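Protein chains in written order, with our numbering: chain A, 1 to 63; chain B, 1 to 317; chain C, 1 to 305.
Cβ atoms here follow ideal geometry from the backbone N, Cα and C, with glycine treated the same way.
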């Protein structure tokens, strides 16, 4: 996290979101710096797993 | 960052300019000096003064930017003008110059040239410079000239618009003019007219800005102007607040200069001049030093006249 | 700081805003169900609540035995207008959908939604001196409607900080500038432009009207950027004309700005940095060129803290 920013320099990080975690994404990342009020980056969402099994259909599927 | 003094001649003026840009204590200490990428004298002077061509690179305050600028010293003794032509670009390549011709075409996305008017004589000069922009003001001694170029300060991320390059001059560089000209087109940075200021659109297309309309100028640039001095677009009278501006109880207000375009496709606010402001003329004038928050600003007036709407101040830091 | 609520009648709004001011420490010299004489460290003011409108007037001294519009150094008698009328804010009668109140120690800003799409702003405070040495700076503004049904934003209409209006009786907003051109200290300058009075003030009030007199009208028009959909605020510069039509910049409206609502819905948030801003329409949502029946797309920007 400790990172010196050069003047007139933009540093674009790569926010990689994984596939493992709680089903509810309740995150509050804080970008705290001296002489500046806290600028918290809040990430919210949900984690889900998809059903990737092809079911046999010799018997009719009932909806 | 400031170089005040008197230059014995135009060539000495350019020499002092380059020496200041390359050896100023502030520039060298902060490592913001510009790099001279080209310097040549191609033409064979006949009945004219030697022509000096220089191209310089500016890295910006952060050192991550790429700014390319050019300066030309074109003069004619038989007409006794020693114009200094300025232009900007993004890339340079000496090999791309076609046989003969000129090198300014080699610039990628080249732009029309502007210039400042002077001649061979002792001349007081006022110099300002910074890692992103430079300003030149030459006092003709009972006339004042000015020009400059650099990066404006837009309100959008530089990640998406990293090249807000602007070039401004007192008169268009496409023609040769005598500094004693009597045309309204000779004016300053606050009020460009008839190809006196160019800004580079984020799309990469250079757009000209004029405070007043002109039949000779292209129709496209009419919609885009400088609002502070272009209040006549919305006001329904010739006389407005701007022309009648005055200091308040011995205090001189400073008004910034805005870059705005009103196009049919859409509107967009581009940025502001860095270090240039509009100030009134009353009880004041040229060579006036106005302080602000411990910051001093110099006052200057356009060559055309020295009235209220043709007067501006420049920050000296 | 930021407050919201509902009021069936104006008197409820009076009670709620006075309660908030008292809780914030504002000093009320005299209080009543419908008449107020309050003050702070900056200036004195008086307000009266009518059946369907407010009556506001500046003040310089206090006298409990005088009427609401007869306080020492009152605007009614110390103004160039021959009508001698105080500030007026016209509202409707009955339900107010919602009111948004911004409260501080130096100024009060209010925005009331009388009905769906109808908004009535009430502005009071003192201009940021910005290091400028001048006595006064207190400004009180109101909202006036010409005629329902017909064009709501006619030329005769007046708006807060308006720079162009036609009316001989009442003024929407006003400003104090003491000792102008050697005159007596009590001076309550109104926002007028067609009266040719030697001393007057002007503002960007109407926003981007065709005949609006202010050099920043272009800035308000171009506040919105098409390329990146970014919006920038514009401080509301106020200008005062001297005895011989010589303007002197006076100040800016604290914690206030204007922009275009072309690409923003009412209340849409655009947090630019550590400080957040709230944008609401002036009168009602309309189209770009609807300068007669609505307020076009002019939006008022308030800093929320």
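Whether residue i touches residue j by CB criterion (7 angstroms)
i             : j             : result
residue 213/C : residue 197/C : no
residue 200/C : residue 192/C : yes
residue 278/B : residue 180/B : no
residue 287/B : residue 223/B : no
residue 316/C : residue 156/B : Here chain C has residues from 1 to 305 only, and residue 316/C is not among them.
residue 112/C : residue 56/C  : no
residue 76/B  : residue 48/B  : yes
residue 47/A  : residue 18/A  : no
residue 82/B  : residue 40/B  : no
residue 274/B : residue 133/B : yes
residue 249/C : residue 253/B : yes
residue 119/C : residue 7/C   : no
residue 227/B : residue 260/B : yes
residue 161/C : residue 125/C : no
residue 104/B : residue 187/B : no
residue 210/B : residue 198/B : no
residue 276/B : residue 299/B : no
residue 43/B  : residue 51/B  : yes
residue 103/C : residue 20/C  : yes
residue 30/C  : residue 24/C  : no
residue 244/B : residue 245/C : yes
residue 93/C  : residue 52/C  : yes
residue 225/C : residue 268/B : yes
residue 127/C : residue 137/C : yes
residue 56/B  : residue 74/B  : no
residue 2/C   : residue 304/C : yes
Assigned exposure category for residue i - 16 Cβ within 10 Å defines buried
i             : result
residue 67/C  : exposed
residue 144/B : buried
residue 306/C : Since the first residue shown for chain C is 1 and the last is 305, residue 306/C is missing from the structure and cannot be characterised.
residue 216/C : buried
residue 251/C : buried
residue 185/C : exposed
residue 296/B : exposed
residue 283/B : exposed
residue 41/A  : exposed
residue 138/B : buried
residue 30/A  : exposed
residue 92/B  : buried
residue 297/C : buried
residue 136/B : buried
residue 47/C  : buried
residue 151/B : buried
residue 51/A  : exposed
Integer Cβ distance of residue i from residue j, believed to fall under 8 angstroms
i             : j             : result
residue 59/C  : residue 50/C  : Contact doesn't hold; Cβ gap of about 19 angstroms is too wide.
residue 278/C : residue 267/C : 7 angstroms
residue 209/C : residue 291/C : 6 angstroms
residue 87/B  : residue 37/B  : The pair is not a contact, with the Cβ atoms about 14 angstroms apart (cut-off 8 angstroms).
residue 65/B  : residue 8/A   : 6 angstroms
residue 116/B : residue 79/B  : Between residue 79/B and residue 116/B the Cβ distance is about 16 angstroms, and since that is not below 8 angstroms, they are no contact.
residue 299/C : residue 258/C : 7 angstroms
residue 325/B : residue 125/B : Not covered by the structure: residue 325/B. The range shown for chain B is 1 to 317.
residue 283/C : residue 152/C : 7 angstroms
residue 326/B : residue 132/C : No statement about residue 326/B is possible, as the shown extent of chain B runs from 1 to 317 and does not include it.
Range covered by the beta strand (DSSP E) that runs through residue i
i             : result
residue 16/C  : Not the beta strand (DSSP E): residue 16/C falls in the alpha helix (DSSP H), residues 10-23.
residue 54/B  : 52-58
residue 76/C  : Element bounds for residue 76/C: n/a, residue is neither H nor E.
residue 63/B  : First-last for residue 63/B: undefined, no H or E at that position.
residue 221/C : From DSSP, residue 221/C is part of no beta strand (DSSP E) but of the alpha helix (DSSP H) over 217-221.
residue 238/C : 237-241
residue 90/C  : 87-90
residue 118/C : 118-126
residue 132/B : That residue, residue 132/B, is in no beta strand (DSSP E); it is neither H nor E in DSSP.
residue 174/C : 173-177
residue 283/C : Taken as a continuous stretch (DSSP letters only), residue 283/C belongs to no beta strand (DSSP E), as it is neither H nor E.
residue 41/C  : Careful: residue 41/C lies outside any beta strand (DSSP E) and carries neither H nor E.
The ligand GTP heavy atom lying under 6 angstroms from the CB of residue i
i            : result
residue 55/C : In the structure shown, the ligand GTP is absent, as is every other ligand, since no ligand is present at all.
Extent of the continuous alpha helix (DSSP H) to which residue i belongs
i             : result
residue 15/B  : 10-23
residue 251/C : No alpha helix (DSSP H) contains residue 251/C, which is instead part of the beta strand (DSSP E) from 247-252.
residue 227/B : Run containing residue 227/B: none; DSSP gives neither H nor E here.
Margin query: Whether or not the stretch 129-138 of chain B and the stretch 95-113 of chain B are in contact is what I'm after, with contact meaning three or more pairs of Cβ atoms, one per stretch, closer than 8 angstroms; do they touch?
Written below: Cβ pair count under 8 angstroms is below three, so no.
Next item on the list: Say whether the stretch 82-89 of chain C touches the stretch 165-181 of chain C, bearing in mind that this needs 3 or more beta-carbon pairs closer than 8 angstroms, one atom from each stretch.
Entry: At 8 angstroms Cβ cutoff, the stretches touch.
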